[PDB]
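Asker: Residue numbers (the authors' numbering), protein chains in the order written: chain 4, 182 to 204, 220 to 404, 413 to 443, 457 to 469, 501 to 551, 558 to 730, 742 to 781, 792 to 849, 854 to 892, 903 to 915; chain 6, 510 to 737, 745 to 763.
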Amino acid sequence: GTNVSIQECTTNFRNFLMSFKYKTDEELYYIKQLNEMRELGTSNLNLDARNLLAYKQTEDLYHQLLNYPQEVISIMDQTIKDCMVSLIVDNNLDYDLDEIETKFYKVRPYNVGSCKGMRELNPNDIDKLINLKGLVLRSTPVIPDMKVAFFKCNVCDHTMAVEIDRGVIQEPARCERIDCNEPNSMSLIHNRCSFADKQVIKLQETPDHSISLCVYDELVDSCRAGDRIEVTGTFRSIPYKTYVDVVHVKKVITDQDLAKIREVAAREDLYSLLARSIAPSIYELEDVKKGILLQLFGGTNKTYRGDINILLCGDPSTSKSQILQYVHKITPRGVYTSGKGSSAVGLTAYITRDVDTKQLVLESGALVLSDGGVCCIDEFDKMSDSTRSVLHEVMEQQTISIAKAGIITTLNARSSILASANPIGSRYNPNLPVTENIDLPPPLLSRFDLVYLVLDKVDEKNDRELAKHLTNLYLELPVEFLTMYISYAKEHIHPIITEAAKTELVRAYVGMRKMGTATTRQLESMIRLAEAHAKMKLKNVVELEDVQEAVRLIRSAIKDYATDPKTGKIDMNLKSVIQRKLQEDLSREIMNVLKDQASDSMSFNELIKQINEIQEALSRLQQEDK
Amino acid sequence: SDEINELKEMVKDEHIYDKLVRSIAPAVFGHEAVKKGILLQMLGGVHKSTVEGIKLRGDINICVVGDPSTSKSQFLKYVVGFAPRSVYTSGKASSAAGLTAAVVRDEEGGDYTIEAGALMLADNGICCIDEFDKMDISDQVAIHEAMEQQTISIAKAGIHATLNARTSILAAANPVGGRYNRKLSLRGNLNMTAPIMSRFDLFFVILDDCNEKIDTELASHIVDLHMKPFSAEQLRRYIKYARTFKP
Ligand SMILES: Nc1ncnc2c1ncn2[C@@H]1O[C@H](COP(=O)(O)OP(=O)(O)O)[C@@H](O)[C@H]1O
Ligand SMILES: Nc1ncnc2c1ncn2[C@@H]1O[C@H](COP(=O)(O)OP(=O)(O)O)[C@@H](O)[C@H]1O
Ligand SMILES: [Zn+2]
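See the structure below:
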């Protein structure tokens, strides 16, 4: 039989429809919406199906409804019309009822509890209500299907209206007129009938493989290529192909977690803790910790994207593969790629026409699959020139335009790029300029936001610092919180640069400008990194402290202070006479200011701000008893 | 009359040519020469037919070369987003057949049929190509006939027609050394040979320097993009009228 009882279920829902609340949170849910639905000129309701698990009896209905979803929905349609009629004229709150009474309605639950996944379903689970999620790839054009058949008698012109029931066409045998009764006289007119839209949308399903979905009526063309989708429909396989008759589609934590987030947000060692906790296997590298982390935070997206990209110009023995391999896991799911093992087709796509669909179809490459996420490109120095040409438009407009035989179209591949590149030769050569140690053209090398020069020096002292860190780690914040933090930060914070932070950028950029390769590309990093720092701070505006720290980070990443302004070479070491004179001149002025004020002494905090606009110099004076 | 007066206010004003140049891609700062050049390209000259039978080109080809920091792709994006008919494409992505003409086997028969390439699309319009110096010479050649004769000649597998290709090519490219080798002259920094250079009625090379007075203003307003005379709809209305005059 049927688990659904016609009168029992409509009574059970009637109690739910008038008594449901979540636990001002105390207000009833649909006591408010019922009036709003009568106001609406819509033809259906997307029912808040998460309410079913939020109430006791509704979950019991769900298990009962698991095998009979159609019957209740059909009953709800009449119930909706009856609810409209009762609220309009029986409650005497409205009088516009004519169109509603004659027409037909539907209801769509959208947040039902998910099932045990696609591949885990069973032959008896066919025709049962399910809930799935996935990504839409392709869409078929509008396909009409028969609903009403129009027959005209070919000898007397009499017309009949015949409607299909359960997919059956019934040909009348004789004309229904009293006089004209010629057998088989009824004829079908193709273009006097009535049709309904049927569309097939292709979904890449990730169970709680790709499944070809199906939609009907107003649900067609509501789903388009690249849409992020959750499915509430019926798993189907009929005499046998696996497909889902989509009933509804969705186009898309505790307060204790908020307390946990705020504790890390409030503590002063926030940046220190993040570096200390992001990569246990990698020792120190404070700036590199700040670098990739700011890539994951990302800037703000306005219409101007925040896709920060980083080049690791380190020596070819520093753990950087140990990072990006680890980055691919910790980050929200992206794609791990190698420049050596990738091609222009491999990154972008292969696009071709389809006979059935009569419009372009795409086979997404590595780069496109990372749309909206993060991708890692190892062996960036070994990428083919044709493939490298793609990145120019990717890192300037996040789009790729193709114009070849029979195909002219543009795509979108908005993504973040993490790039690691060994120096030319077996090791970095500081005796040559930095731009000559990197095997990348200036047009491509300029558009990266951050370039990091990680060098390894043979120092016995620093060797023990690194060695004892690793050697004891393999004897004998968690990733769950870290991902929870990043997802929280990306979700909420959209900082806006303040007036004070804006003006400092001018002096910061001009200073690098007059030292010239300081193109306007690096000015993008002067805002992109600024927003990502405030987002980590969770401050809803970008602070000047974020601005100056990011500028310092760019300076430290490129090592400007250790780079020759003449030929671009790097100092190996990065007591001097200039240190002497500065200390001497500082000491001379301190001896005056300490006594020029109308006191024998003053606080050192005020003294520093008086002259800096020091501790060693005054300590030496104390040693000399001055 | 209201349409007539609205269109008239853009013609019978004493400074309209000055005004309209400042109304091309207002987001891009500076480069006031290219704003004149493209605006003139958008109003291509009079096509003429000789009493002898020869025809004279009326459309204008323009090339722009700059350092990888000088915003030039923004001009192409603006043109393809503004022009009545326009096509955007990239250097390496494009190919000879895709640009000019595609010989494809036709349905309902065993004989071939042309398919409109990039140039045939947006005919009587502006065609835009980015990273022109990246294009192959062998598929740069195919544009030559369309640039001057405004026609495409095909003799391949049973097809022998000549197709209208009245298109104004707009291109962007970078010098051979990535940066402009300011030690040398304009003669040596460009890999474009003499034939293609002669065809471009206008040819711009824009350079960048470390002038503080310029960079401070340049940095001031590019930040305003990330901070946030005649309207863009007015220009198409004006052009739909201007294209008629034949001086
Ligand atoms: N600072 C470091 N921290 C941890 N491991 C390191 C470090 N430097 C080198 N290594 C080790 O040296 C090996 C080299 O790997 P890596 O530098 O990541 O890539 P590659 O082998 O291409 O240089 C790795 O197995 C890594 O464990
Ligand atoms: N005058 C300007 N006005 C606005 N933005 C500019 C200007 N000059 C440079 N830019 C910015 O600098 C970047 C330069 O990139 P671009 O030169 O277009 O790269 P490509 O060489 O690949 O075309 C652009 O994204 C643009 O936003
Ligand atoms: Zn009859």
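We put the beta carbon where it would ideally sit given N, CA and C, even for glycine.
1) Return no unless some Cβ of chain 4 is closer than 7 Å to the Cβ of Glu541 (chain 6).
2) Do you know whose CA, among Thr609 (chain 6), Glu624 (chain 6) and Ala610 (chain 6), lies nearest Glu616 (chain 6)'s CA?
3) Could you confirm whether any beta carbon from chain 6 is found closer than 7 Å to the beta carbon of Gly843 (chain 4)?
4) Should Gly607 (chain 6) be flagged as near chain 4, meaning a C-beta pair shorter than 7 Å?
5) Can you have a look at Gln904 (chain 4) and say buried or exposed, based on whether 16 or more other CB atoms are within 10 angstroms of its CB?
6) Among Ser239 (chain 4), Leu198 (chain 4) and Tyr203 (chain 4), whose alpha-carbon lies nearest the alpha-carbon of residue 485 (chain 4)?
7) From the DSSP output, in three-state form, read off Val732 (chain 6) for me.
8) Inspect the beta-carbon positions of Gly575 (chain 6) and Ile715 (chain 6) and report whether they are closer than 7 Å.
9) Please determine whether the Cβ atom of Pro696 (chain 4) lies at a distance below 6 Å from any heavy atom of ligand 2.
10) Using a 10 Å radius around the Cβ and a threshold of 16 neighbouring Cβ atoms, would you call residue 916 (chain 4) buried or exposed?
11) Excluding the 5 residues preceding and the 5 following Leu417 (chain 4) in the sequence, name in chain order all residues of the same chain whose CB lies nearer than 6 Å to its CB.
12) Output the residues surrounding ligand 1, defined as those with a CB atom closer than 7 Å to any ligand heavy atom, in chain order.
13) Are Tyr754 (chain 6) and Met519 (chain 6) close, meaning C-beta to C-beta below 7 Å?
14) Put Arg681 (chain 4) into one of helix, strand or coil per three-state DSSP.
15) Which residues count as close to ligand 3 when the rule is a CB under 7 Å from any of its heavy atoms, in chain order?
16) Have a look at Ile646 (chain 6) and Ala703 (chain 6) and give me their C-alpha separation to the nearest angstrom.
17) Check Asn666 (chain 4) in the structure and name its three-state DSSP category.
18) Please confirm whether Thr794 (chain 4) has its beta-carbon closer than 7 Å to some beta-carbon of chain 6.
19) Check distances from the C-beta atoms of the region 653 to 684 of chain 6 to those of chain 4 and list, in chain order, the residues that come in under 9 Å.
20) Could you please give the first and the last residue of the uninterrupted alpha helix (DSSP H) stretch that includes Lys228 (chain 4)?
21) Label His556 (chain 6) either buried or exposed according to how many other C-beta atoms from any shown protein chain fall within 10 Å of its C-beta, with 16 as the threshold for buried.
22) Quick check on the DSSP output: what are the complete beta strand (DSSP E) runs of length 3 or more inside the region 264 to 316 of chain 4, in order along the chain?
23) Tell me, which residues are paired with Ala625 (chain 6) by DSSP?
24) Only counting runs of 3 or more residues, tell me where the beta strand (DSSP E) segments fall wholly within the region 575 to 620 of chain 4, in order along the chain.
25) For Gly781 (chain 4), decide whether its Cβ has a neighbour in chain 6, counting only Cβ atoms nearer than 7 Å.
26) Whose Cβ in chain 6 lies nearer than 7 Å to the Cβ of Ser655 (chain 4)?
27) List the whole-angstrom C-beta distance separating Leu742 (chain 4) from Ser525 (chain 4), where the pair is believed to meet the contact cut-off of C-beta under 8 Å.
28) Quick check on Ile564 (chain 4): buried or exposed, where buried means 16 or more other Cβ atoms within 10 Å of its Cβ?
29) If I measure Cβ to Cβ from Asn683 (chain 4) and keep anything under 8 Å in the same chain, skipping five residues before and after, which residues do I get?
30) Using three-state DSSP, classify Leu742 (chain 4) as helix, strand or coil.
31) Mind listing, in chain order, the continuous beta strand (DSSP E) runs of no fewer than 3 residues lying wholly within the region 654 to 691 of chain 6?
32) Starting from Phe194 (chain 4), follow the alpha helix (DSSP H) in both directions and report where the run begins and ends.
33) On the CB-based measure, 16 or more other CB atoms within 10 Å of its CB, does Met356 (chain 4) come out buried or exposed?
34) Quick one: using the 10 Å Cβ neighbour count with 16 as the cut-off for buried, is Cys371 (chain 4) buried or exposed?
35) Determine contact between the region 512 to 526 of chain 6 and the region 562 to 581 of chain 6, defined as no fewer than three beta-carbon pairs at a distance below 8 Å.
36) Going by C-alpha to C-alpha distance, which of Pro577 (chain 6), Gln658 (chain 6), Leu529 (chain 6) and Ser599 (chain 6) sits closest to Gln750 (chain 6)?
Answerer: On the basis of the supplied data:
1) Closer than 7 Å: no.
2) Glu624 (chain 6)
3) no
4) yes
5) Answer is exposed; the Cβ neighbour count stays below 16.
6) Within chain 4, the sequence of modelled residues goes 469 then 501, so residue 485 (chain 4) has no position in this structure.
7) helix
8) yes
9) no
10) Only positions 182 to 915 of chain 4 appear in this structure, which leaves residue 916 (chain 4) out of reach.
11) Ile397, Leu399, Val461 and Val463
12) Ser529 (chain 4), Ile530 (chain 4), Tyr531 (chain 4), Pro570 (chain 4), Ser571 (chain 4), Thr572 (chain 4), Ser573 (chain 4), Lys574 (chain 4), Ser575 (chain 4), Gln576 (chain 4), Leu720 (chain 4) and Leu724 (chain 4)
13) yes
14) In the structure shown, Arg681 (chain 4) sits in coil (DSSP, three-state: anything other than H, G, I, E or B).
15) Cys349 (chain 4), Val351 (chain 4), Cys352 (chain 4), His354 (chain 4), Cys371 (chain 4), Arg373 (chain 4), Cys376 (chain 4), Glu378 (chain 4) and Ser381 (chain 4)
16) 13 Å
17) Strand at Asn666 (chain 4).
18) yes
19) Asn683
20) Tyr226 to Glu235
21) exposed
22) 302 to 305
23) According to DSSP, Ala625 (chain 6) bridges with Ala610 (chain 6).
24) 589 to 592, 603 to 606 and 615 to 618
25) yes
26) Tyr597, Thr598, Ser599 and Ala602
27) 4 Å
28) buried
29) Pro677 and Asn691
30) coil
31) 660 to 662, 671 to 673 and 676 to 682
32) Secondary structure note for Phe194 (chain 4): its alpha helix (DSSP H) is the uninterrupted segment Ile187 to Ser200.
33) exposed
34) buried
35) Contact fails: fewer than three Cβ-Cβ distances are below 8 Å.
36) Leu529 (chain 6)
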